[PDB]
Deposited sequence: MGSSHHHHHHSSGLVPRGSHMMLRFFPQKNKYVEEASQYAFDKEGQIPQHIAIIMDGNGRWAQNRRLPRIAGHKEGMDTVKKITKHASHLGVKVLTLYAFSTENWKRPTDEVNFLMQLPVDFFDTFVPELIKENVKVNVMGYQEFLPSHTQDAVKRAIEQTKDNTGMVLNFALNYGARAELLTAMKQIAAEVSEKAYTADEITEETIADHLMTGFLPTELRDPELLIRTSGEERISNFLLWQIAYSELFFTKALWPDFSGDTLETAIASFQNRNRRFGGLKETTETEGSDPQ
């Protein structure tokens, strides 16, 4: 049962990118060659997901100059760039390149490309917890006024509008069957899809196959 271009498209897709190392090793390449091939794979699926109607494409690394040579194609595709995680541990120069790509695409109105870099779901839930625990301690609101919407606001997806915060479809590559500490709160009702294909071999056809199964075929 095939993918329907006129069928239902998940508005928010999250992908756990995996297999970059195993890709190079089976081809006996050094593992940097598998990571280079994975970051061009990122470009190929950012472009295809955008053309399919996806509104948020969240990518988990389970950069470099990469953002500088990507920013023109992101602007041609009307793609807005966000970065989830702890920018603090990022090198200062890649901190600079990331906030530059964010600022240079802040006005694009199409699909949001949301990078998960040095990100952890339990860590994210903890940092959301400390902020709420501090806010109630400065009497900003009760402890009983806290809601799920409160928790969702303090997650790294809270910048998104409420209808796009949670992925409707979560894809996991490299043949693993684990959530692996990714978007634990947000994937409460997400459809799950697992492909044995490694991320450097992940193609738009693989994405369409995944969306095909999301459409319940």
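Enquirer: Please give the gaps, as residue ranges numbered from 1 in the deposited sequence, where no C-alpha is present.
Expert: Missing CA coords at 1 to 38, 101 to 118, 274 to 292.
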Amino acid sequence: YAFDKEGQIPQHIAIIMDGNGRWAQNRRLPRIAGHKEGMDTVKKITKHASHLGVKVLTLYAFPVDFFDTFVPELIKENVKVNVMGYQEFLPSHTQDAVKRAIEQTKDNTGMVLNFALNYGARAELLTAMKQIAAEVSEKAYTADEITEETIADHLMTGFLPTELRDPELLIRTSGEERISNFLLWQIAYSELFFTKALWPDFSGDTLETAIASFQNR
From here on, numbers count along this sequence of modelled residues.
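Enquirer: Read off the CA B-factors in the entry, average them over 85 to 93 and over 98 to 106, and name the higher stretch.
Expert: According to the PDB entry, the answer is 85 to 93.
Enquirer: Mean Cα B factor from the PDB record: higher for 122 to 130, or higher for 136 to 144?
Expert: Stretch with the greater average CA B-factor: 136 to 144.
Enquirer: Which one of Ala188, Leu59, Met156, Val64 shows the biggest C-alpha B-factor in the PDB entry?
Expert: Among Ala188, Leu59, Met156, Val64, the PDB entry lists the largest C-alpha B-factor for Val64.
Enquirer: Could you tell me which one of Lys55, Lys44, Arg28, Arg172 shows the highest CA temperature factor in the PDB record?
Expert: The C-alpha B-factor peaks, among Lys55, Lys44, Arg28, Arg172, at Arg28.
Enquirer: For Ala24, does the deposited CA B-factor place it in the lowest, middle or highest third of the chain?
Expert: CA B-factor rank for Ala24: highest third.
Enquirer: Grab the CA temperature factor for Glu176 from the record and place it in the lowest, middle or highest third of its chain.
Expert: Within its chain, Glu176 is a middle-third residue by C-alpha B-factor, going by the deposited values.
Enquirer: Which third, lowest, middle or highest, does the CA B-factor of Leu74 fall in along this chain?
Expert: Middle third, going by the recorded CA B-factors of the chain.
Enquirer: If you rank the chain by CA B-factor, which third does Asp18 end up in: lowest, middle or highest?
Expert: According to the entry, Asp18 has a C-alpha B-factor in the chain's highest third.
Enquirer: Can you work out whether the C-alpha temperature factor of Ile32 puts it in the lowest, middle or highest third of the chain?
Expert: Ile32: CA B-factor falls in the highest third of its chain.
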